[PDB]
Every structure is written in C-alpha cells, then in structure tokens.
Amino acid sequence: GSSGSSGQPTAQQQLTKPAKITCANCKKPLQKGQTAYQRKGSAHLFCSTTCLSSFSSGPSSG
Ligand SMILES: [Zn+2]
C-alpha cells in the first residue's frame, strides 16, 4: 500500500490593489500625468525606456 498528500496549501495577506503607480524598475512615484511605458501583453509600467529595457532579465524560466 501507500499514501499521498496531493494538496496545495495557499494563504497570504496583502493589499487588494495599489493606490498609486510606480516604475517596475526603479520603483519611483510617477507623478500623475507623466507618460508611462508598457510592454506587449504585460501589466507592468515604466518611468522611461532606460528602465523598460533594464527590467528585461532574460531567459529565466520566463
Ligand atoms: Zn524607472
């Protein structure tokens, strides 16, 4: 005979949704109005190209 778990224990606490917007690279408070950069099929914004590119990590389980 034998046994198993086959369970997925999940439980975390965090803010349902953010209040303000920040760069996904430098994490800077983008003033309301300033233009933001967004990649294709992605929900991440950036302050400027310099970051948009920097963020890109590469071939890492992605
Ligand atoms: Zn940035």
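Residues numbered from 1 in each chain as written, not as in the entry; some residues may be left out. Heavy atoms only, no water.

- The deposited coordinates derive from solution NMR.

### Side note on the overall build of the chain
Inference 1: Within the chain one finds one helix and two strands.
Inference 2: For the chain, the sequential pattern of α-helices and β-strands runs β-β-α.
Inference 3: Over its C-alpha atoms the chain spans a radius of gyration of 18 Å, topping by over 25% the 11 Å that the globule rule assigns to 62 residues.
Inference 4: Summarising its shape, the C-alpha atoms of the chain cover approximately 65 × 30 × 20 Å along the three principal directions.
Inference 5: Residues classed as buried in the chain amount to 6% of the 62 residues present.
Inference 6: A fraction of 19% describes how many contacts in the chain between residues 6 or more apart in sequence connect residues 24 or more apart.
Inference 7: Summed over its atoms, the accessible surface of the chain is roughly 6000 Å², and 48% of this surface lies on carbon and sulfur atoms. (Helix = DSSP H or I, 4+ residues; strand = E, 2+ residues; numbered from the N terminus. Rg over C-alpha atoms; globule rule 2.2 N^0.38 Å. Buried < 20%, exposed > 50% of the residue type's maximum accessible area, 1.4 Å probe, protein only. Contact = heavy atoms within 4.5 Å. Areas by Shrake-Rupley, 256 points an atom, 1.4 Å probe, with all protein chains shown as cover.)

### Focus: the layout of surface pockets
Inference 1: Taken as a whole, the largest pocket encloses approximately 180 Å³ of empty space.
Inference 2: Lining of the largest pocket is provided by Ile-21, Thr-22, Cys-23, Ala-24, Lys-27, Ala-43, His-44 and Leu-45.
Inference 3: Of the residues belonging to the lining of the largest pocket, the class tally is five nonpolar, two polar and one charged. (1 Å grid on protein atoms, 1.4 Å probe; cavity = no way out; pocket = protein on both sides within 12 Å on 5 of 7 lines; lining within 4 Å. Points joined across faces, edges and corners; volume = space filled by probe spheres on them. Nonpolar A, V, L, I, M, F, W, Y, C, P; charged D, E, K, R; others polar.)

### Overview of unusual backbone geometry
Inference 1: The backbone of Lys-27 shows a phi angle near 65 degrees, a positive value even though the residue is not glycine.
Inference 2: Position of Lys-27 relative to the elements: it lies in the segment before β1 (37-38).
Inference 3: In this structure, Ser-61 is a non-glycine residue whose phi angle is positive, near 40 degrees.
Inference 4: Here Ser-61 is to be found in the segment after α1 (49-55).
Inference 5: Given the relative accessible area of 83%, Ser-61 is considered exposed.

### A word on the coordination of the zinc ion
Ideal geometry at a metal centre: 109.5 degrees between donors when four sit tetrahedrally, and 90 or 180 degrees when six sit octahedrally.
Inference 1: Within the protein, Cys-23 (SG), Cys-26 (SG), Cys-47 (SG) and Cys-51 (SG) serve as the donor atoms for the zinc ion, at 2.3 to 2.4 Å.
Inference 2: Here the zinc ion binds four donor atoms, and the angle range of 98 to 118 degrees at the metal identifies the geometry as tetrahedral. (Donors = N, O, S within 2.8 Å, 3.2 Å for Na, K, Ca; no water. Tetrahedral: all angles 85-135°; square planar, octahedral: opposite > 155°, others 65-115°.)

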